[PDB]
Amino acid sequence: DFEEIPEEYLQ
Amino acid sequence: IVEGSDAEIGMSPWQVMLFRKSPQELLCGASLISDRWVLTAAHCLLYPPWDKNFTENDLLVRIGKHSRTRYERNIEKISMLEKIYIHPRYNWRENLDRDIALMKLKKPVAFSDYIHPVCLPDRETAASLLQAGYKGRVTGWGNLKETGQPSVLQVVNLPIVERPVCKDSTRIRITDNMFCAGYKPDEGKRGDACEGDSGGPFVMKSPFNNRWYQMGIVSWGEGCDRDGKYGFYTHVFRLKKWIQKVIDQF
Amino acid sequence: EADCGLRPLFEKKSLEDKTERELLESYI
Ligand SMILES: *[C@@H]1O[C@H](CO)[C@@H](O)[C@H](O)[C@H]1NC(C)=O
Ligand code: NA
Ligand code: NA
């Protein structure tokens, strides 16, 4: 149930 | 955390969430000890019995958080890991002896009202405060009961327990690198860490200098908040020479 | 860190949290 985090941190 | 309460804003500004990238989920607690170093339990990163062996690129750390699941825009900061260091004598085979690890961040985190490091104890603070009956504080986003999950960070204060009582509560071999905490059945009050709280801090506020020190790391237990059982914590001071060696060398 | 363990919203403002006194009372 986690809110998506900004994509910049997953790059 | 079982039988705890919601944390106040900024109450535990050294709290860190270890977060898996894919799938996106909470892995563990952790703590901030400087602008570039995070302390956690080794079993949060390496536990071969469960096929757990994370690499740096598998993980993120989220610092400054209060809400468990929300992305706390303008408050939390998310950091990538440069390197993991697991204690070389961490005993994952038997009893989680020396359950400690460090994570170096790729870039320093900016401190704020919500992000601030905890102190690590010196010998004298440890000797003075690690006494049966003295209470510390455990924080985490783990389960609210053994067998759900909290909206925000949870906090519980728990007393350190006499070593013979710790030993007599379990069949697992206890070592000097561990201490246990929790209320006894006859004390009435309750509380414990639980699954998901692993790696988070057990802190004490020194009455000498009014600073918070991390004395323990949530390590292991048998169930959560069971009568006659106690939570076990890595004895941070006993492993501090290794912490300092790592930070000094890397 | 020189400033470790002093929380911006508590110790740095001389504000106490709701349960820290429970810890102090245990340090006998
Ligand atoms: C954990 O994984 C690394 C590979 O990144 C490997 O070198 C190491 O031996 C593994 N440890 C164990 C105990 O399996
Ligand atoms: Na025993
Ligand atoms: Na118990």
# chains A, B, ... in the order shown; residues from 1 in each chain; ligands from 1
$ residues_near_ligand --ligand "ligand 2" --cutoff "8 Å" --atoms "only C-alpha atoms and all ligand atoms" --output "JSON, numbers by chain"
{"B": [166, 167, 168, 169, 170, 171, 172, 173]}
$ write_last_selection --atoms "N, CA, C and O atoms" --output "mmCIF file, in the first residue's frame"
data_model
loop_
_atom_site.group_PDB
_atom_site.id
_atom_site.type_symbol
_atom_site.label_atom_id
_atom_site.label_comp_id
_atom_site.auth_asym_id
_atom_site.auth_seq_id
_atom_site.Cartn_x
_atom_site.Cartn_y
_atom_site.Cartn_z
ATOM 1 N N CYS B 166 16.815 -12.666 30.840
ATOM 2 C CA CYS B 166 16.897 -12.792 29.391
ATOM 3 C C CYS B 166 17.264 -14.215 28.999
ATOM 4 O O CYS B 166 16.617 -14.832 28.145
ATOM 5 N N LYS B 167 18.303 -14.754 29.632
ATOM 6 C CA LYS B 167 18.795 -16.085 29.290
ATOM 7 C C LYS B 167 17.738 -17.149 29.556
ATOM 8 O O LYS B 167 17.564 -18.079 28.755
ATOM 9 N N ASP B 168 17.021 -17.017 30.668
ATOM 10 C CA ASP B 168 16.057 -18.019 31.105
ATOM 11 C C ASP B 168 14.755 -17.946 30.334
ATOM 12 O O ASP B 168 13.890 -18.806 30.540
ATOM 13 N N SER B 169 14.600 -16.948 29.461
ATOM 14 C CA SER B 169 13.369 -16.792 28.706
ATOM 15 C C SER B 169 13.385 -17.519 27.363
ATOM 16 O O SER B 169 12.364 -17.518 26.678
ATOM 17 N N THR B 170 14.519 -18.097 26.958
ATOM 18 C CA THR B 170 14.714 -18.588 25.599
ATOM 19 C C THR B 170 15.673 -19.770 25.613
ATOM 20 O O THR B 170 16.469 -19.949 26.537
ATOM 21 N N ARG B 171 15.591 -20.581 24.561
ATOM 22 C CA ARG B 171 16.566 -21.637 24.324
ATOM 23 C C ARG B 171 17.722 -21.178 23.453
ATOM 24 O O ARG B 171 18.722 -21.907 23.345
ATOM 25 N N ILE B 172 17.599 -20.010 22.827
ATOM 26 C CA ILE B 172 18.657 -19.503 21.962
ATOM 27 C C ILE B 172 19.818 -19.050 22.832
ATOM 28 O O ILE B 172 19.618 -18.525 23.932
ATOM 29 N N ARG B 173 21.046 -19.285 22.360
ATOM 30 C CA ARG B 173 22.238 -18.887 23.104
ATOM 31 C C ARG B 173 22.420 -17.369 23.058
ATOM 32 O O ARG B 173 22.548 -16.786 21.979
#
$ residues_near_ligand --ligand "ligand 3" --cutoff "6 Å" --atoms "only C-alpha atoms and all ligand atoms" --output "VMD selection string"
chain B and resid 182 to 183 225 to 230
$ atom_distance --atom1 "atom CA of residue 231 of chain B" --atom2 "atom CA of residue 93 of chain B"
19.3 Å
$ interface_residues --of "chain A" --to "chain B" --cutoff "8 Å" --atoms "only C-alpha atoms" --output "list in words"
residues 1, 2, 3, 4, 5, 9 and 10 of chain A
$ write_last_selection --atoms "N, CA and C atoms" --output "PDB file, in the first residue's frame"
ATOM      1  N   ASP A   1       0.811  -1.215   0.000  1.00  0.00           N
ATOM      2  CA  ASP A   1       0.000   0.000   0.000  1.00  0.00           C
ATOM      3  C   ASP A   1       0.852   1.276   0.000  1.00  0.00           C
ATOM      4  N   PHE A   2       2.030   1.230  -0.621  1.00  0.00           N
ATOM      5  CA  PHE A   2       2.939   2.367  -0.607  1.00  0.00           C
ATOM      6  C   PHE A   2       2.689   3.305  -1.779  1.00  0.00           C
ATOM      7  N   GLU A   3       2.692   4.600  -1.483  1.00  0.00           N
ATOM      8  CA  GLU A   3       2.596   5.606  -2.531  1.00  0.00           C
ATOM      9  C   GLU A   3       3.863   5.586  -3.376  1.00  0.00           C
ATOM     10  N   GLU A   4       3.689   5.677  -4.695  1.00  0.00           N
ATOM     11  CA  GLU A   4       4.837   5.668  -5.590  1.00  0.00           C
ATOM     12  C   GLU A   4       5.762   6.827  -5.248  1.00  0.00           C
ATOM     13  N   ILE A   5       7.063   6.565  -5.286  1.00  0.00           N
ATOM     14  CA  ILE A   5       8.048   7.610  -5.031  1.00  0.00           C
ATOM     15  C   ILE A   5       8.483   8.212  -6.359  1.00  0.00           C
ATOM     16  N   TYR A   9      14.489   8.647  -8.061  1.00  0.00           N
ATOM     17  CA  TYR A   9      15.174   7.835  -7.072  1.00  0.00           C
ATOM     18  C   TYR A   9      15.274   6.394  -7.483  1.00  0.00           C
ATOM     19  N   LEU A  10      14.583   6.006  -8.549  1.00  0.00           N
ATOM     20  CA  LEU A  10      14.605   4.616  -8.993  1.00  0.00           C
ATOM     21  C   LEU A  10      15.488   4.418 -10.225  1.00  0.00           C
TER      22      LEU A  10
END
$ residues_near_ligand --ligand "ligand 1" --cutoff "8 Å" --atoms "only C-alpha atoms and all ligand atoms" --output "ChimeraX atom specification"
/B:46-48,53-55
$ write_last_selection --atoms "N, CA and C atoms" --output "PDB file, in the first residue's frame"
ATOM      1  N   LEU B  46      21.368  -9.479   5.070  1.00  0.00           N
ATOM      2  CA  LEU B  46      21.939 -10.781   4.772  1.00  0.00           C
ATOM      3  C   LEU B  46      21.330 -11.788   5.735  1.00  0.00           C
ATOM      4  N   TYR B  47      20.575 -12.743   5.207  1.00  0.00           N
ATOM      5  CA  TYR B  47      20.023 -13.819   6.021  1.00  0.00           C
ATOM      6  C   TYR B  47      19.784 -15.017   5.094  1.00  0.00           C
ATOM      7  N   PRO B  48      20.812 -15.824   4.876  1.00  0.00           N
ATOM      8  CA  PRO B  48      20.738 -16.899   3.877  1.00  0.00           C
ATOM      9  C   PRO B  48      19.629 -17.904   4.128  1.00  0.00           C
ATOM     10  N   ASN B  53      19.906 -11.656   0.530  1.00  0.00           N
ATOM     11  CA  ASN B  53      21.272 -11.166   0.370  1.00  0.00           C
ATOM     12  C   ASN B  53      21.241  -9.957  -0.558  1.00  0.00           C
ATOM     13  N   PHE B  54      20.856  -8.808  -0.019  1.00  0.00           N
ATOM     14  CA  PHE B  54      20.665  -7.621  -0.831  1.00  0.00           C
ATOM     15  C   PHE B  54      21.997  -6.994  -1.226  1.00  0.00           C
ATOM     16  N   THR B  55      22.014  -6.391  -2.402  1.00  0.00           N
ATOM     17  CA  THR B  55      23.123  -5.561  -2.850  1.00  0.00           C
ATOM     18  C   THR B  55      22.702  -4.093  -2.782  1.00  0.00           C
TER      19      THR B  55
END
$ residues_around --residues "segment 1-5 of chain B" --least-positions-apart "3" --cutoff "6 Å" --atoms "only C-alpha atoms" --output "short mmCIF file (atom, residue, chain, number, x, y, z; two decimals) with C-alpha atoms, in the first residue's frame"
data_model
loop_
_atom_site.label_atom_id
_atom_site.label_comp_id
_atom_site.auth_asym_id
_atom_site.auth_seq_id
_atom_site.Cartn_x
_atom_site.Cartn_y
_atom_site.Cartn_z
CA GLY B 142 6.61 -2.78 11.83
CA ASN B 143 3.57 -4.84 12.67
CA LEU B 144 1.20 -3.76 15.41
CA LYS B 145 0.56 -7.36 16.48
CA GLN B 154 5.24 3.96 16.37
CA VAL B 155 7.11 4.42 19.66
CA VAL B 156 7.33 2.34 22.83
CA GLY B 191 5.07 -3.55 24.47
CA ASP B 192 7.62 -4.94 22.03
CA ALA B 193 9.10 -4.61 18.60
CA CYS B 194 7.83 -6.93 15.87
#
$ closest_atom_pairs --of "chain C" --to "chain B" --cutoff "6 Å" --atoms "only C-alpha atoms" --output "tab-separated table"
residue	atom	partner	partner_atom	distance
C:4	CA	B:119	CA	5.0
C:5	CA	B:212	CA	4.3
C:6	CA	B:211	CA	5.6
C:8	CA	B:113	CA	5.1
C:9	CA	B:10	CA	5.9
C:23	CA	B:135	CA	5.2
C:26	CA	B:134	CA	5.0
C:27	CA	B:134	CA	5.4
$ write_last_selection --atoms "N, CA, C and O atoms" --output "compact mmCIF listing (two decimals), in the first residue's frame"
# COMPACT_ATOMS: atom_id res chain seq x y z
N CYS C 4 25.04 15.71 17.77
CA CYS C 4 24.26 14.49 17.73
C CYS C 4 23.31 14.43 18.92
O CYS C 4 23.61 14.93 20.00
N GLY C 5 22.16 13.80 18.71
CA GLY C 5 21.29 13.46 19.81
C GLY C 5 20.49 14.60 20.37
O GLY C 5 19.79 14.41 21.37
N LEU C 6 20.53 15.78 19.75
CA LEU C 6 19.77 16.95 20.16
C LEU C 6 18.76 17.25 19.06
O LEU C 6 19.14 17.68 17.97
N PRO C 8 16.00 18.88 16.73
CA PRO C 8 15.58 20.25 16.42
C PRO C 8 14.25 20.69 17.02
O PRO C 8 14.11 21.85 17.45
N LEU C 9 13.27 19.80 17.07
CA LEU C 9 11.94 20.17 17.55
C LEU C 9 11.74 19.91 19.03
O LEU C 9 10.66 20.20 19.56
N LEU C 23 11.44 7.78 30.79
CA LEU C 23 12.80 7.28 30.76
C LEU C 23 13.61 7.86 31.91
O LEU C 23 14.27 7.12 32.65
N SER C 26 13.15 6.28 35.26
CA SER C 26 13.73 4.95 35.39
C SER C 26 15.22 4.97 35.68
O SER C 26 15.76 3.92 36.06
N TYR C 27 15.89 6.11 35.52
CA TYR C 27 17.34 6.19 35.66
C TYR C 27 17.64 6.51 37.13
O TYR C 27 17.91 7.65 37.51
$ atom_distance --atom1 "atom CA of residue 81 of chain B" --atom2 "atom CA of residue 105 of chain B"
4.6 Å
$ atom_distance --atom1 "atom CA of residue 17 of chain C" --atom2 "atom CA of residue 218 of chain B"
22.1 Å
$ select_by_dssp --residues "chain C" --states "alpha helix (DSSP H)" --output "PyMOL selection string"
chain C and resi 20-26
